[PDB]
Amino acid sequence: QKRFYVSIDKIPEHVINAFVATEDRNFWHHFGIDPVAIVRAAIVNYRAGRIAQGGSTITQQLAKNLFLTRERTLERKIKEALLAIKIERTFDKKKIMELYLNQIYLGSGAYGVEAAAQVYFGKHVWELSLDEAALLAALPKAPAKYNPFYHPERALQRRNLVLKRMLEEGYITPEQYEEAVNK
């Protein structure tokens, strides 16, 4: 799971933005933990079926994956929160983004955006289109549930959802959006 690595400079901005708008819209501004995100995850909590948003920042996700074992207790989330905060104090956002983007499991035995660009589109991460970038960003939350190889229904759906988030965040134009959702 250390096959393809790619520096952040060789990663399309559509890809980075796709992941940010989908998983941590604030990423560039917080310190490893996102307060508002936890509260916004809490207000869209009981107001959407006592559960919805994630609250977890990209950094917490990176941390989460730095543990050998895979417990999911409370203190675990905390050890990840502390780790994420130290990580934030040690490396800059572009570096954290880079690491996260290269370690993130994206299903079908693919780790990192490069590996995924290959397994899913036979291309290099830097050859990806907006709609291709959007598809990858839709995987992190659940690679097996949204795997385009056997749940293309849910996959395509969550992909167009990523695209809407990007549009709302201003990462893409209405023109580009209409274009992508139809691919």
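In case it trips you up, residue 1 is the first one in the sequence shown, and so on.
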query: 43 to 51 set against 65 to 73, stretch whose average Cα temperature factor tops the other in the entry; finding: 43 to 51
query: Average Cα temperature factor in the PDB entry - higher stretch of 28 to 36, 52 to 60; finding: 52 to 60
query: CA B-factor placement of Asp9, once the chain's modelled residues are sorted into thirds; finding: highest
query: CA B-factor placement of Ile78, once the chain's modelled residues are sorted into thirds; finding: highest
query: Ranked C-alpha temperature factor of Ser129 among modelled chain residues, by third; finding: lowest
